[PDB]
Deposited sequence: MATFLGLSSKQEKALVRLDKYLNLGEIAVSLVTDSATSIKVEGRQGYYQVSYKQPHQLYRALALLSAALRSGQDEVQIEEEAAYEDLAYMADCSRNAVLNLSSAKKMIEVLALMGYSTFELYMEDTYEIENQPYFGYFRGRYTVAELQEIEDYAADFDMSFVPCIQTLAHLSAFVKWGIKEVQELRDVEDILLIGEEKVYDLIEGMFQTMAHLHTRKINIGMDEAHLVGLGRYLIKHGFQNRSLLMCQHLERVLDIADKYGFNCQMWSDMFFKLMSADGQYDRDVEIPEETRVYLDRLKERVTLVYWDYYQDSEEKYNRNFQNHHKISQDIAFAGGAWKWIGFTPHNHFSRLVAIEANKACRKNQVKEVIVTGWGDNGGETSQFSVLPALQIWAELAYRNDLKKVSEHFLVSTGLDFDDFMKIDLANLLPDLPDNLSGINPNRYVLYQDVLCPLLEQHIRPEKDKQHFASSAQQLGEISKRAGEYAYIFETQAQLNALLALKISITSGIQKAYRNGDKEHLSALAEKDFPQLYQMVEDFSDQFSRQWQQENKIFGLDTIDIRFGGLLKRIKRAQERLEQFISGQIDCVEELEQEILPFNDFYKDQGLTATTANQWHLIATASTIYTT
C-alpha cells in the first residue's frame, strides 16, 4: 500500500506494523477530523482514512485491512469511541516482569486494537536511587528500560502510565532484615505513615518516574485493614484509619506536585464520603486526584450503575477499571472476562465514563501467559469503539494473525462442563495441578470422571490449535500439556484412593509401575514447556519460585510412588496418608452448590503442613 498524508513518525509505525496489516496494492489518503473517532471510506483501490486521535490511525488501518480480507471492495466504516482513554495494565509485580521485546509486541497489538494507553503495575520492580534493596533480585526495570517502553508506545502516539504503590502492597521489599528497610514498616506489607524516611522513599519513586515524559501516574492508595495498627500504633497510639490515610495522601500528593505529576488512585478510601475535620480533609483531597472504580466480577449493568451513582455523589472525575482475568493460575478466563465486559461497558456508557482501564493482574507467581488475554483485550476494544462484538473475529485476525474462537479455547482448563457462567475465579487448572497425590486436599471438589474427560478432550483440541497458532503456538502447547497432565493426575489420585480403600494391591502395583513414571515425566515436560513460555515473555527473575513449586510437586509424586511400593512389598503395614478422611477444602461456593471452587494460594493447596510460618 502507498499513502498520502503520513508523517515520518507514522511511516516508521507502519513499517513496524507491516506484518500485521495486509493492505495489498491500494492507495490510502489520511485526514485528521474530530467529527468522528474513525472513518474509513473508499472503493476500487483508493481509500480515505480519518482519525480523531493520532493513535486511532492504527485501529483505522486494522479495520481497513480486515474489510479487504473479508472480500470487500467498497468500504464504509465509521466509529465513535465511548472512551477518550482506553488502557491496558499488565502486572509486573507477581514475579513475572514483562521483557522489553514482549512489551513491544503488546504495544503493537494494543495499537491495532485501539488502546490509547499502556500501563505497568510495579510495586517494587523499578529502580530507586539510594534504595538498593528495592527490586533486589526481582528483575526491576532500569530507567533506561522504562524510557524504552514509554518511547515505543509514543511511536504509536500512545501514552504510558506507571501504576505504583505509595503505602501498601510492598511485600517483596519490606521482607529485607536491614534497618534501613525495617524502619520503613508499619506491619505486614504496609509502610509507616508519618515516617520521614518513608517520604524519602516515596520522593525516590517520583524521581525515578520523573525521567519519563508522562506526568500521569497511578499511586495505588487502597485501604489496607491494618494501616496504623503495627509500629505506628506502638509509636503513636491508636488513630482513625481515614485520618492517617488523609495525612499520608496529602504528603504523597505534595511530592507528586513537586515533580509535576497528576495522580490516579483506587476510589476505596473515599467510600465513606459517598469527625468533622476528617470529612473536610477527604473533601479537599478528593479534588486533587482522579478516582478509579475497580470492579472485575459483577454480572449485571445495574450493579455497576449503582456504584457509579454513588461515586458521582462525590466526584465527576471517575475512571473505571475492569478485568482481563489472568490471575488464577496457568490458565486465563477470557470467557468470564467477556461476560462482565459486556455489562461493564453498558454501565460505563450510561454514566459518561471517559477512561476505562483493563487490568491484567497476575496473583501469586505470575503463572499465566502475558498474552493469554488477547481475546479479552479485543473484546473491550470492540465494545469501546463499536458497542458490539459483531466484528470481533475479523479484527482479532489482524491483531493476532489467528482465529478468535480458537484463541478463546486457551481457557479450557478452567471451563469445567456445566459450571454457571457468572461465577468468578473457579480455577481447577491450578489446584488440580498443585494438590498432593497422597494427601489430595481438593479431592472432594473434583468430579473424577467428568473432569478427567474434560481435560483429556481439551488437550486434544489445544493440540490441533497449536499446529495452526503461528507465533503463539507456544502458549497453546503449554495449555495442551497441562490439560493432558491434569487428566492423568486425576486418574492416578482418585485411583489410589479407591484401590487403597478396597485393598487392591494389584491395581496399586499397576499405578506404581506404569502410571507414576508417566505422570512424573509429563510434569517434567510441562515444567520444560512452561520455562520456554516464561523466557519468551518475561525476565528470568521470578522463574525460581515456579522451579520451587514444580520441584516440590515432582518430589511429592516420587514420594507417592515410593510409599505405595513399600506398602505393596510389605515394608510398611499401611499408608497413613491414605487413611485420613478428606474434608471440603473451603466453602467459598457452598451457597451456590458447586463442587468445584476457587483456590488461589499455592502454599495452602500443596500441603496442610506449615511451610511459611
| query | finding |
| --- | --- |
| Deposited-sequence stretches lacking C-alpha coordinates, listed in sequence order | 1, 276-287, 627 |
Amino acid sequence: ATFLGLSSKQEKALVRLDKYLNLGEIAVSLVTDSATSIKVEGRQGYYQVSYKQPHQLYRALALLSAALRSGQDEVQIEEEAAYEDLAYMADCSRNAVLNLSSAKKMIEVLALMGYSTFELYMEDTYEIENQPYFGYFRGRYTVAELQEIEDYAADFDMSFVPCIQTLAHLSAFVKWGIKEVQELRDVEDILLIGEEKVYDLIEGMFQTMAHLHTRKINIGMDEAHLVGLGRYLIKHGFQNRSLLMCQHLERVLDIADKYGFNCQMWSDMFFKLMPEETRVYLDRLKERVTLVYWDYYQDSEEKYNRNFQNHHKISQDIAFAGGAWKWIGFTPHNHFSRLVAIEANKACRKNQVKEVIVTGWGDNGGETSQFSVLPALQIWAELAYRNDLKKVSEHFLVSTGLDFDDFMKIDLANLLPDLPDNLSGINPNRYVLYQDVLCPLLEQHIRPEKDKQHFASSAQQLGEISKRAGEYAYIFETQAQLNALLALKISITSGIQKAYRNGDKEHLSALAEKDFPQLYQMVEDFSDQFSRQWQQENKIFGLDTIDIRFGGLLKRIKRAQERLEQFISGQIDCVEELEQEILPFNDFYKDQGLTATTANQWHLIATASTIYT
From here on, numbers count along this sequence of modelled residues.
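Note that the rigid core is defined as the largest set of C-alphas that superpose within 1.5 Å between two forms.
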property: Which of 223-231 and 170-178 strays further in 4 other deposited structures of this protein - Cα RMS after rigid core alignment; result: 223-231
property: Stretch with larger C-alpha RMS deviation in 4 other deposited structures of this protein, core superposed, 234-242 versus 485-493; result: 234-242
property: Average Cα temperature factor in the PDB entry - higher stretch of 365-373, 279-287; result: 279-287
property: Mean C-alpha B-factor comparison - 547-555 and 572-580, higher one; result: 572-580
property: Residue selected from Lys326, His507, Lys104, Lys409 by maximal Cα B factor; result: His507
property: Member of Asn427, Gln165, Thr117, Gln298 with the greatest C-alpha B factor (per the PDB record); result: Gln298
property: Third of the chain's Cα B-factor distribution that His311 belongs to, per the entry; result: highest
property: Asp436 - Cα temperature factor, lowest/middle/highest third of chain; result: lowest
property: Assigned third (lowest, middle, highest) for the C-alpha B factor of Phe567; result: highest
property: Position of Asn22 among the chain's modelled residues by C-alpha B-factor, lowest, middle or highest third; result: highest
property: Position of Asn586 among the chain's modelled residues by C-alpha B-factor, lowest, middle or highest third; result: lowest
